[PDB]
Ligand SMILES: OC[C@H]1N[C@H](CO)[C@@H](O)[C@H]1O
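Just one chain follows, in the form solved without the named molecule, and it is written as structure tokens.
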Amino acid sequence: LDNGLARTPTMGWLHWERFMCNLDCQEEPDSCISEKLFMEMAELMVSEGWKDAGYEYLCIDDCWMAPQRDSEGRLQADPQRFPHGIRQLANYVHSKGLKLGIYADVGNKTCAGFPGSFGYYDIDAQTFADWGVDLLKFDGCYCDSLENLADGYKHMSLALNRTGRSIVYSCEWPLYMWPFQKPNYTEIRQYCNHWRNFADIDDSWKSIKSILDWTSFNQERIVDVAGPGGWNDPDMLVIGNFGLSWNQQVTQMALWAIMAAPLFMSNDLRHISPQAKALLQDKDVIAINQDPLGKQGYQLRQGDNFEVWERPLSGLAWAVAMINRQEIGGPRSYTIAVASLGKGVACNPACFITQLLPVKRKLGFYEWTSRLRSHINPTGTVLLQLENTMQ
């Protein structure tokens, strides 16, 4: 989308994976979708270094709405759970130097069953702008017509544009197309800042794997369309929760960097380990994800339960990720000629290699003819940065 936004992949926090549609503020007050949760999350984003690391957007997902629209046909926040409204929540979020994301649906209802935007695209977009919304995640439930789907996503794109407000437009367009036909990604890019391609992530290694496998299987269709202002969205970072081992967390962080993915954490910032925090706030890994060239990476190689991915970076630098997909035994050695990396450019005539994950370690100078030898933990990833050099 040519709106001047998402020139690098968007970074922030989104409630969905970790908090979902918890409406029970009486028996689950700490977990329910309330203005208090978003306020408290905003406070920790500032005080715990998240904003400094680049996580700017505090995002509300589904289940913020009142059951019905008001007497004007405008959306309302739930009166019991958001008694002060979205306007004052946005004011609060902006005073902390952060931005506010919200959620709506192209069909007649949201996925959770709250008012949908069909028939209200212009009204809904304007009320978001009036409230001071900075990002919109637009879902695709309760829309069984292919025509309506495309018309809605296109309509809402222009509807937001006409407000004069700078709002990041996050679409689920391609994901809801697959049941009907293969998406036109050139068209989606024209209208969206980023787009969900695949099924919702959950708190599991199974889910990370299925997202990676879908991406690599479909990469010839999606890689080259990504770039400044328009990114593929493989869904939320789920590091800091419950279902991933340390190595599986490393794999997600490393690969979301390779993929030029928007980085939306879905976790609890009030209850997060020092280890998960350090990984999510890793300067060098975030710098890869945020590289100004904006070229999405890809799977270079697969075989023998190993995967090699690489991403071209600015200044003839490259990020290389090696995944060990064997889920038995111990660390396995993998060797590769550096000439095979970065299309033969990264290390011609030499490169300086620095391991970034699982730990940061300078590996030294590698001649074009030389071999890189490494060891990779089961379900883990080794992430390397290659710096082209004459030295």
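Think of the rigid core as the biggest set of C-alphas that the two forms share within 1.5 Å after superposition. Each residue number is its position in the shown sequence, starting from 1.
- For the pair 129-137 and 143-151, rigid core superposition yields a higher RMS C-alpha distance in 6 other deposited structures of this protein in 143-151.
- Farther on average from this form in 6 other deposited structures of this protein lies stretch 178-186, the comparison being between 178-186 and 211-219 by RMS Cα distance after core superposition.
Quick note: we don't show the form deposited with the named molecule bound, though the next part is all about it.
- In the modelled overlay, the named molecule taken from its pose in the deposited bound form makes no contact closer than 2.4 Å with any backbone or C-beta atom of this form, which marks the pocket as open.
- Between the options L269, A317, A276, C111, the residue in contact with the named molecule in the deposited bound form by a heavy atom within 4.5 angstroms is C111.
- Between the options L175, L244, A90, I211, the residue in contact with the named molecule in the deposited bound form by a heavy atom within 4.5 angstroms is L175.
- By the criterion of a heavy atom within 4.5 Å, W16 is counted among the residues contacting the named molecule in the deposited bound form.
- Interface membership of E307, defined by any non-hydrogen atom within 4.5 Å of the named molecule in the deposited bound form, is ruled out.
- When contacts are judged by a 4.5 Å heavy atom cut-off, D62 counts as touching the named molecule in the deposited bound form.
- The closest heavy atom approach of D139 to the named molecule in the deposited bound form falls within 4.5 Å.
- Proximity of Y103, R196 and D200 to the named molecule in the deposited bound form is complete: all three residues have a non-hydrogen atom within 4.5 angstroms.
- Only one segment in the set 81-89, 124-132, 111-119, 282-290 has residues whose heavy atoms sit within 4.5 Å of the named molecule in the deposited bound form; it is 111-119.
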